[PDB]
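Chains as they are written, first to last, in my numbering: chain R, 1154 to 1585; chain E, -19 to 418; chain B, 19 to 66; chain S, 105 to 256; chain U, 4 to 39; chain C, 186 to 617. The structure appears below as structure tokens.
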Ligand SMILES: Nc1nc2c(ncn2[C@@H]2O[C@H](COP(=O)(O)OP(=O)(O)OP(=O)(O)O)[C@@H](O)[C@H]2O)c(=O)[nH]1
Ligand SMILES: Nc1nc2c(ncn2[C@@H]2O[C@H](COP(=O)(O)OP(=O)(O)OP(=O)(O)O)[C@@H](O)[C@H]2O)c(=O)[nH]1
Ligand SMILES: Nc1nc2c(ncn2[C@@H]2O[C@H](COP(=O)(O)OP(=O)(O)O)[C@@H](O)[C@H]2O)c(=O)[nH]1
Ligand SMILES: [Mg+2]
Ligand SMILES: [Mg+2]
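So this is what it looks like as structure tokens:
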């Protein structure tokens, strides 16, 4: 049986983890207590288990966000052994999460990985949820990703890392943690997907008319992106996109594995009735820069490979028409070495709505994950923040004292400059 | 009828037997009054309780046990406890003065009078039983009464009841934490007594049970009542096959024919696999491979020695409840391929499996939760040589200055047979080395 | 095929890329991204 | 052709009939055969029967068992109070106390639980507080010493 | 007879409570005894 | 008109033989009380081979029930079809062999084999003409091996002109249920090659692979193995009890399968074994029964039939069926892969057709295989014995009952002579 083991690391990992497993349980009808709703029925409910346990691990070195799950509305879905806590958090330090205090828990975390790998029949991939701005997301994320490549081969690793916004941040050592974490995602992660908090705010503010959004409103639609991309494994459809279909069609080269994301029908409950939502106009709104989860302009770069994943009652006739209308637009630019630039997946299940959630019931949705050379636009802004802070060598005695050396700063910076060069070389075109 | 006699010697023996017979009353439905309530429409359940309880008159069941102690302050707690009516009033045997951590008093001075009354009650219980299978002796090596009177009793049972198996469940001195000062003296003297007299020995370490209660039942302030409760699960699962029918029945004579290679090597280990607390359990069913792996883990083992150092000479698995014969073979097969556990080169196939059909029972208010599957593993290994040489070092540094010897030589015991017990323990250490050597 | 086509076009590509010095790429991408952020700051939405 | 007519009673062919003989089976009868009723703690009483020495012994043994169960960690009493409040208030109600005892899995009757709740409710507010809970379930409290004090 | 029949029927009901397709097995697992 | 006397021994043979009396009584129409309620007049055709006569139409089996522990006869009598046995045949000991060959063969067997033989001599003198003695027991056990082979030696001296079928189970190479199995296996075989006329080798871990992969049984219980064994032991005798086109008695299968007095070990098979859910999916035909017959995963012995050449073989087809199709198929299986058959025996495979099929199916077959590949099972048992006997491990439990260590020497000298004799006839060409 096809399956994916997910790993949620840090503050942002398991707050999305509360949101993603909220949507996962509603998609399959799983109740919050874990049991999906004559002598066998008594046997199946009490002595045996009709309970479904998630194949996730919720690990963080700070217990406050972990015990919220242990005491929340989903206390019975997860195994008590499955959620991992710690004494002291990595505390906005890649040095603590990767060398000093992340080393003690990463041995315990892989033991629960081994139990989840033995429980499954056939494994397909790994989902990693973390934030590259925090110490636990960067440090313990890099430590877990480094070890997962050692014990496990041919099993892909999917990354959904919340990268920092260019303008607003909730931390000051934010450029340092992301630069050091970036070198680990290039080396050890098969597919990484950028996520930007400021872009989610603009989607919530404009297309969903919420003036005062919080992290609960952000994670509800990030979970919509995560649930849609793995939805071809859970449900059947006219065209399927497996987790190995996703690698083989969105990384032309091994180093380029950074993809954007977009969800097309972000329409509120009041605005839904007036809106006509067919396949032709949601795909036009899918490529809209206001509808992207990364604060970047895709017109700056050019798309290399793009995957349009559809949910609901979508015929294959009109997704091809949406492909043709996008390819003829002069603003959406493709690179010249990828003529067949699209992969289309259709899932017959309409997107479920979280009860009390902001999104309305729509019968059509597009989850657009695209490989573009506009990722180098994101990493260039984050590089210039790193160069100014490293010139004065501030916030370095925290990293140097807790195990790291000075040479790791220049080493991870040099890898990112190669990626800046890598996009400018791959995105180059041949004309006449 | 398959039926055994359990003797409990000393304070540690009688306190285990208070918890050991507590679970025996609950499996067979025997009330603390001693009367079995009528259930459904059955003619009689005679084969169930006859192994431990003798039917007396109409609806009265009395245990086939002897609780003998030189001190009355631990035997009167049974006489005034919840089970005051269950026991025969003269099966509980008291004394005037205790041995008081002295092996000389329990063997020579004061243990000689009370051992005569012990065989009188043993002869009456052996006459009541049709076919006796073996004496299950429970005692403390580190106490004066358990080591002293236990040495004198097992010598008398060997002479009278020849060739009948004697399964020894002995509380043994611990490496780090121990409650008495002259325990290395009392431990070395009884080792010569139980080397050649008892046939199967099961070593129980109190600190080992402390470690198990801390990490499995998640209690870091346990009590000897909590300790003796999961000791009772080990003995009950060991003789579970006599009480209840199963696919692969393992009797007491099935134990000694498979679990000892040589007559002088019989010191075994113990482990009880599913140990989950009352609250932590919720709805948790554990796989047969999971509990088999948990049985062989060194942390879940009930005597303080690491199996990784030694070689498993022989091993048996007592399974209980709804376990099928296939997945126990699937569980054993991955143990053989697991290189962190090792078998000796002259025993290429070293497993025995006993599958009983009765799921284990839980006492009310007990720490253990109701589980449908269980493994009780007792294995013979060369890691016991770490145990016996550990207090060999303790006894050697104590006997050199001849401290705590004037008590022992004063009470009839001679000076010269300290060295007889030490040389016997020295030969036992050499026996474990050459057998386990490739 | 390798020597006539692939080695030649990769030589041209790597020559142009090595001619491009990285600081120019970070300066240009920083200016473009700052322009985009300025437009989406001072303007009500950006539309493709 | 079936010259051996009828399905017959007893086991038949592998892959055709189940292992169980048709004379004894074809119904899920003994999947929950326990052979013995659940055994209570010997000191407890199902009914109240207040004002008696047996009731005093039952209350003392129940409180001693509760204290020994809740004083196992260093902070198990606080943890159990948090797990038993349920409705996120700092106070404990009747149904929450019942559910907590059922979670602790001591087989105690409903009237006996209500009696224990009434003795715990010192201030008669219809609701336990943390002070009342810890005062009843101290590690060697007076309600635990009532087990020793049987002659009163 | 009752003990042996209980064992046999519990084995049969374990057989029937396995080989059951939940349909959402990509992100969910029943329990290790049914995933043996 | 010719009768077969069944002996079951030990814990293993009692539960195995109980399921044999489960199936024959139903297949001949005997209800659990003991009377007759089948509606077929062929059920009453040859009842005398496995049932005696009694007043009121009661039929009791010709079974002598044997063990040194009274625990199993509580279990045998308690189940269904357990009241059809005569209580005089319930000869039981009190102590128990306890997996010791010395206790079963010498001390506790000689005290019981006198009373056992009086029951066997009662049943032999009662019937008209003995076809042979059938015994189902164990080799790694203590009562089915120690005292089971004691009865074989005693009853061969009393009746030397009669047949002998031993459905004996053997220890597995992978996992052993008893540590002293190689001692009891090697001592049994030396006492069994000289006495037993022909032998059928069963192995539990060959049956576990049968239950998991052919019957689709995820958690096969202990008695499902016996029902596969019980069908073969009922299928070994289909020509005796019922008419047919070709009749093969026990002596007919003796003369066609053993070419030499010491090569009398078989691996036995069972053809029409599909899962319950695949009763409509599997199309039953004579090529289909033939194909699953010769499949190596179908054999009820742990030895691999592809490793050694088949010396001889036999097929016992049941049902209204065409003699030309088997006769063409048996030529086909001999000529498709001639390397798996010995050259100096033409017509390796014997065929017998019974026109009355078993209950619920219209075609069935039972396969007996005299293969030289069974020496691989004997060599693995031999390697266990030499490793243990060199260091005198577990030997004081055997010399305590009077069996000297010199007895163990010839237990191996005839053991390795078997695998030497089985190797030479495999290596034998038509010339030398
Ligand atoms: N989308 C989203 N992002 C979040 C959420 N919570 C935190 N973040 C991101 O996390 C970043 C802050 O770093 P954290 O993830 O909190 O750091 P951490 O995981 O606690 O690691 P340590 O500080 O070492 O314990 C912010 O910039 C946010 O972008 C959330 O609920 N949703
Ligand atoms: N496991 C376990 N060990 C016990 C228990 N009670 C006592 N012990 C052990 O007994 C040892 C002390 O010796 P005792 O058994 O009390 O002494 P004794 O056998 O009564 O001999 P005397 O005191 O001279 O009469 C301690 O080291 C404990 O390890 C018990 O309830 N459980
Ligand atoms: N197929 C099958 N094997 C069995 C059965 N009962 C026991 N065995 C096997 O017999 C061996 C143990 O036999 P044992 O009880 O020691 O025989 P005994 O010493 O004569 O009583 C184990 O390897 C079991 O696998 C059964 O009913 N069916
Ligand atoms: Mg944090
Ligand atoms: Mg004492």
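Note that the Cβ used here is the ideal one computed from N, Cα and C, for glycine as well.
For residue 353 of chain E, the enclosing beta strand (DSSP E) begins and ends at 353 to 361. By the rule that beta-carbons nearer than 8 Å mark a contact, residue 20 of chain U does not touch chain E.
Where residue 355 of chain C is concerned, the enclosing beta strand (DSSP E) starts and stops at 348 to 355. Around residue 1573 of chain R, the same chain offers 1529, 1532, 1533, 1536 as residues with beta carbons nearer than 8 Å, after the five sequence neighbours per side are excluded. Secondary structure within the region 1424 to 1493 of chain R: the alpha helix (DSSP H) runs of 4 or more consecutive residues, fully enclosed, are 1432 to 1439, 1469 to 1480 (chain order).
Residue contact with chain C for residue 134 of chain S: absent (no Cβ-Cβ distance below 8 Å to any residue of chain C). For residue 78 of chain E, the shortest separation between its Cβ and any heavy atom of ligand 5 lies below 7 Å.
Against chain E, the CB of residue 13 of chain U has a partner CB under 8 Å away; the residue lies at that interface. At least 8 Å separates the beta-carbon of residue 201 of chain C from that of residue 305 of chain C. Annotation: residue 1177 of chain R to residue 312 of chain E spans about 37 Å, alpha carbon to alpha carbon. The beta carbon of residue 145 of chain E sits closer than 7 Å to the beta carbons of 114, 179, 180, 232, 233, 236 from its chain, once the five residues preceding and following it are set aside; these are given in chain order. When distances are taken from the beta-carbon of residue 1287 of chain R to the heavy atoms of ligand 4, the shortest one is below 7 Å. Nearest in C-alpha terms to residue 114 of chain S, of all of S:108, S:167, S:125, is S:125. Under the criterion of beta carbons closer than 8 Å, residue 250 of chain E and residue 182 of chain E qualify as touching, at roughly 5 Å.
For residue 8 of chain U, a Cβ of chain S is located within less than 8 Å of the residue's own Cβ. Counting along the chain, residue 1552 of chain R sits inside the alpha helix (DSSP H) bounded by residues 1550 to 1554. Partner residues in a beta bridge of residue 1400 of chain R, as assigned by DSSP, do not exist. The contact set of residue 4 of chain U on chain C, defined by CB atoms closer than 7 Å, consists of 263, 264 in chain order. For the region 1187 to 1220 of chain R, the beta-carbon criterion of a distance under 8 Å to any beta-carbon of chain E is satisfied by 1199, 1200, 1201, 1202, 1204. When 8 Å is used as the limit between beta carbons, residue 199 of chain E is near these residues of chain S: 176, 177, in chain order.
Relative to the non-hydrogen atoms of ligand 4, the Cβ of residue 1215 of chain R comes within a distance shorter than 7 Å of at least one. In this structure, residue 82 of chain E lies near residue 128 of chain E, with their beta-carbon atoms less than 8 Å apart. Between ligand 4 and the CB of residue 1164 of chain R, the shortest heavy atom gap is smaller than 7 Å. Secondary structure at residue 1505 of chain R: coil, using DSSP grouped into helix, strand and coil. DSSP, read as helix, strand or coil, puts residue 61 of chain E in coil.
Using beta-carbon distances, residue 39 of chain U counts as an interface residue toward chain E, with a partner under 8 Å. At a cut-off of 8 Å between C-beta atoms, residue 181 of chain S does not count as an interface residue with respect to chain E. Using a cutoff of 7 Å, the CB of residue 74 of chain E does not count as near ligand 2, since none of the ligand's heavy atoms is closer than that. Remark: C-beta atoms of residue 337 of chain C and residue 380 of chain C approach each other more closely than 8 Å.
A distance below 8 Å separates the beta carbons of residue 47 of chain E and residue -6 of chain E. For residue 1436 of chain R, the closest Cβ of chain B is not nearer than 8 Å. Per DSSP, the beta bridge partners of residue 1204 of chain R are R:1188. Across the structure, residue 247 of chain S and residue 201 of chain S are spaced so that their CA atoms are roughly 18 Å apart.
If you compare the alpha carbons of R:1341, R:1274, R:1523, R:1495 with that of residue 1450 of chain R, the shortest gap goes to R:1523.
Non-local C-beta neighbours of residue 1521 of chain R in its own chain, meaning closer than 6 Å and more than five positions away in sequence, comprise 1415, 1439, 1461, ordered along the chain. For residue 152 of chain S, not one C-beta of chain E is nearer than 8 Å to its own C-beta.
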